[PDB]
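Residue numbers (the authors' numbering), protein chains in the order written: chain Z, 3 to 67; chain W, 9 to 73; chain b, 1 to 271; chain K, 1 to 100; chain P, 12 to 127; chain T, 1 to 88. Ideal Cβ placement from N, Cα and C applies to all residues, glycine included. Worksheet: one structure, shown below.
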Amino acid sequence: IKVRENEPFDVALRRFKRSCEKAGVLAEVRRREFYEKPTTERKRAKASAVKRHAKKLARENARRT
Amino acid sequence: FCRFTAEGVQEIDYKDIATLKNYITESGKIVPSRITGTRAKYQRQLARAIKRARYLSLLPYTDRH
Amino acid sequence: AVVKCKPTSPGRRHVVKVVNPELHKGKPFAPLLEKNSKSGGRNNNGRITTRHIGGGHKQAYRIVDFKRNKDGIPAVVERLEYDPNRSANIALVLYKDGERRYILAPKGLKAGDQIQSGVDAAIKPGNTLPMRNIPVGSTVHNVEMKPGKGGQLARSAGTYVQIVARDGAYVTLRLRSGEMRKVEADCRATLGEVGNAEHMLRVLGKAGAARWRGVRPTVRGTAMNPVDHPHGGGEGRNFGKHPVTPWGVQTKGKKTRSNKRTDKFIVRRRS
Amino acid sequence: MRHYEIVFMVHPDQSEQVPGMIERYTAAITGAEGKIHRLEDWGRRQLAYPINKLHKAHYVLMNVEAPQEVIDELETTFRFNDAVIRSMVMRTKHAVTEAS
Amino acid sequence: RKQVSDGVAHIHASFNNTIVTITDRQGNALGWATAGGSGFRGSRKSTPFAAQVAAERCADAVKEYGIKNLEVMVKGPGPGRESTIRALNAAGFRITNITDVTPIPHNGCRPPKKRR
Amino acid sequence: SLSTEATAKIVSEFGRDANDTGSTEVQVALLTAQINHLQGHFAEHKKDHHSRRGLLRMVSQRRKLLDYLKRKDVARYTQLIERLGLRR
RNA sequence: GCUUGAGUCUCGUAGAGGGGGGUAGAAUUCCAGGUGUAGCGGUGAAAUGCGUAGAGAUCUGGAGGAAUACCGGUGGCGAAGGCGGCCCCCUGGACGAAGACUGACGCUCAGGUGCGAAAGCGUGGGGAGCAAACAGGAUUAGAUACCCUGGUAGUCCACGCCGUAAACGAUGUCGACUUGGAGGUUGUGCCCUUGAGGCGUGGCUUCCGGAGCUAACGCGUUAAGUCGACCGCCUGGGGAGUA
RNA sequence: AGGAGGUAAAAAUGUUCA
């Protein structure tokens, strides 16, 4: 949101902007209100997240590689 | 990973800006619990601490002031 | 109390009576009264200048202190009255030195409260004090235009003006209609709003209900002949004319404002 | 009676006239038998963000214990006194005395 | 003319265009250039290359003032936003500090439902 | 909502002593004390619907007890309704 | 009579539980003024629309209304509907701890009564944004739709009404019994807090799964498992949840 | 390994029984 690298930089190098928000919340408060999908798609979000966590502890098969 | 008042119990104060600014990014956002490794109970008091101190102009709402 | 009557007869089935049980059920203070005759809408020349006025119930004039020139003399609200010359109710206050006066009754002001005027007034409803002592954003009523003039704006039932900004010697108020006037800072204003805000919920019901308020039958210009009203004429309710007053001036959208000496104070016109 | 942790900031220029004020507010409180715990006057420090304009205001903490009636007496003297800007009252939790 | 030494460049990068203007530190504008006036009508109007020439044609018209160092305040998400500053870096100016002044609300007024 | 001293007053009054805190007489008077105090709350507000449901609960809890007391001991029941001021 | 049912009292704990009153910051729109100039906005493309009267952009100041970014998590609370910026006042419920007390006061409940998203209706205010209807421009064989620019009711507040939702874990309520694993959350006791802790004990809650159960899917100690008490409800499709 | 920005204007219909 604010960078200087005071004197010797000569290059953008601003990864700091994307680390805060800058676009994740703009392409969210851009449109599509709902008041419904939030609880729907985010209950959908971590539903699949726990199963990737499940097979994280479930890839102990052989498969030969 | 790290811990706080979870072991050495203490009440999170809002006048204490020293320990409070560790939980605030350069933008002026409240960091999530999924990073600082704090407990849920102490987190809520900490969230209330930020909102109280922000009202008393001790912490910025954003860095564009 | 917005109470609706019961249809025991036609013309009583629509009447909505606004009753206030706190209103003194006796006689007003004799010294502060004076007669008030009916004009009938007839001026010096005896001609009816303002139409639809006459009859009504005979009523007396209760001299109300709008000015409020007393300073630092705490008074107590004795009783709430009914005033047939207003829209709001009047409170008969009693000062410390034994003086009795009639004032407009604000919203939150029950008989037995304590008010006072002057620059040493605490910010409490009923208290009158110059506008550079009243906080900006506050709600006032019975506000003046000229210092010590008296108070003209916001005087009817449930009315109030809002102090929206203050710069130097001129304080801008937002009137009840939406106008944004400017005013001298020495103008005294009374805190709170004007009480009896349920006045507008009252429906008259009977045609005679209006007849004793003093109003008189209003005749539509279409019903008349062309010699009486620009509209008139016709052989079966014909109109075909641009709506005007009985004096040929275009009504329904035609600004008649032309003062020019007072527009210096007026910032924003209503909308 | 309940404890309170009121915090009120005063205008910079009016900070030269503030000391007498603290003793004025406490007088009405102890007049009603309200016990005082702290009186920590922080001092004129920087306002993180502009408040109605003009930053760098003067902070005053009181930390009072008093009856419920005298506080609305006290907070009404905050709304209508434009010298003091942005006041705030809080909860008890057995008022303390040490931190700064 | 006035010969202003320093200046602040502003970049309003939206999803269908980018209007980059150059003002001084006091806010009074001294010239601008859009991707919509550099030709590019339609699909090319929302491209980083169009943001490049916009920064170039804004590098001109401010020559009368000739500002050395330049503060950069980019605003809004979109196709430009980054190609407008790299083109402005090679424009010859001295980029002092780059900042992001995107107008993020705290759940204020309600955004449209459009798009299907 | 019944401060501790008010609770302590009624409990040692309608029963044997401070030890007596669970008897039926004690309960009815103590509940009535809360309802009489809560009557002031719903005098105004009129729309605090959630807390009201808490009131109606203790109302019927009182009525369950009184119907028990009458069914078990009409003697003390008659003396309780006259000392508390209810039961038409 | 008695106590393991039920309920009460003393001490503490967590929470978007509820009602009322103030307050704050970002942002949107609008208004006034300075700088400055041909586009702006929109889209698959485009056009209507806004614009040399001088927009958009930028800076300063002002007025309003509504919603509360981050914290925020298959996290918490509530009977359900549902409720989250901050603070104050009034106030409900739930849980835990070591005890005392009353002594079956209980479970359920046709009819009855109350609460009950949204939309809608009435009276009176308010009205930024969003947006039915409507209009215009496109798309199209047509487009009274999808998309775009505008836009009224409505959405907000107070007081009444309506009583309906896929009001749904599509699973009625209370109570007892029947292998475990891993997390979340909130109380509590003991041990060396010897160091982000170790071992038991309660309530709520999520995922995976054993027996059993099921038409199968799946449920699986918060059961659709094994039983008990009461209530509501179903009897082929359509007609019709209509006359 | 863990998280953010970007990624399809238009295309209707198919007689009856077996």
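Residue-level contact by beta carbon holds for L64/W and chain K, with a gap shorter than 8 Å.
Counting other Cβ atoms within 10 Å of its Cβ, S15/K reaches 16 or more and is therefore classed as buried. In the structure shown, the three-state DSSP call for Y25/K is helix.
Out of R62/W, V17/W, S41/W, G36/W, the CA that lies nearest to the CA of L47/K is found in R62/W. Apart from sequence neighbours up to five positions away, the residues of its chain that approach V3/b with a beta-carbon distance below 7 Å are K17, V19, ordered along the chain. For the C-beta of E43/Z, not a single chain P residue is nearer than 9 Å; the gap to the nearest is close to 16 Å. Within 10 angstroms of the beta-carbon of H55/Z lie fewer than 16 other beta-carbons, which makes it exposed. Across the region 68 to 87 of chain K, CB contacts with chain b closer than 9 Å involve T76, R79, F80, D82, in sequence order along the chain. Contact between the region 51 to 60 of chain b and the region 22 to 37 of chain b is established, with three or more Cβ pairs separated by less than 8 Å. The bridge partners DSSP lists for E34/b are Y61/b.
In this model, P84/b and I90/b are separated by some 10 Å (Cα to Cα). Following the DSSP letters along the chain, one finds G42/P inside the beta strand (DSSP E) bounded by residues 40 to 45. From the beta-carbon of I53/b, no residue of chain K is found nearer than 9 Å; the closest lies around 45 Å away. For a cut-off of 8 Å, the C-beta gap from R86/K to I51/K is around 6 Å, short enough to register as a contact. Contact between the region 55 to 64 of chain P and the region 72 to 87 of chain K is absent: fewer than 3 CB-CB pairs across the two stretches fall below 8 Å. In the DSSP assignment, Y76/P falls outside any beta strand (DSSP E), carrying neither H nor E.
Under the Cβ distance rule, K23/W counts among the residues neighbouring chain K, one pair being separated by less than 8 Å. In this structure, the CA atom of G42/P is about 35 Å from the CA atom of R126/P. For the region 94 to 106 of chain P, the set of residues with a beta-carbon nearer than 9 Å to any beta-carbon of chain Z comprises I96, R97, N100, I106, in chain order. When 7 Å is used as the limit between beta carbons, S35/W is near these residues of chain Z: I3, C22, in chain order. Excluding the 5 residues flanking it on each side, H37/K has same chain C-beta neighbours closer than 8 Å at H3, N63, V64, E65, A95, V96, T97, in chain order.
In the structure shown, the three-state DSSP call for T110/P is strand. Taking C-alpha positions only, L81/P is separated from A26/W by approximately 35 Å. In this structure, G118/b sits near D71/b, with a CB-CB distance shorter than 8 Å. Interface flag for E38/Z against chain P is unset, since no Cβ pair is found closer than 8 Å. Within chain P, the residues placing a beta-carbon under 8 Å from that of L28/Z are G87, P88, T113, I115, ordered along the chain. Among the CB atoms of chain K, one or more fall inside 8 Å of the CB of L67/W.
Between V136/b and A165/b, the CB-CB gap stays under 8 Å. CA-CA distance, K110/b to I103/b, rounds to 13 Å. In the three-state reduction of the DSSP assignment, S87/K falls in the strand class. When only Cα atoms are considered, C10/W and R66/Z end up about 39 Å apart. Apart from the 5 residues on each side of it in sequence, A29/T sits with its Cβ closer than 6 Å to the Cβ of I10, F14, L84 in its chain, given in chain order. DSSP lists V76/b as the bridge partner or partners of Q114/b. Taking a beta-carbon distance threshold of 8 Å, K124/P counts as an interface residue toward chain Z.
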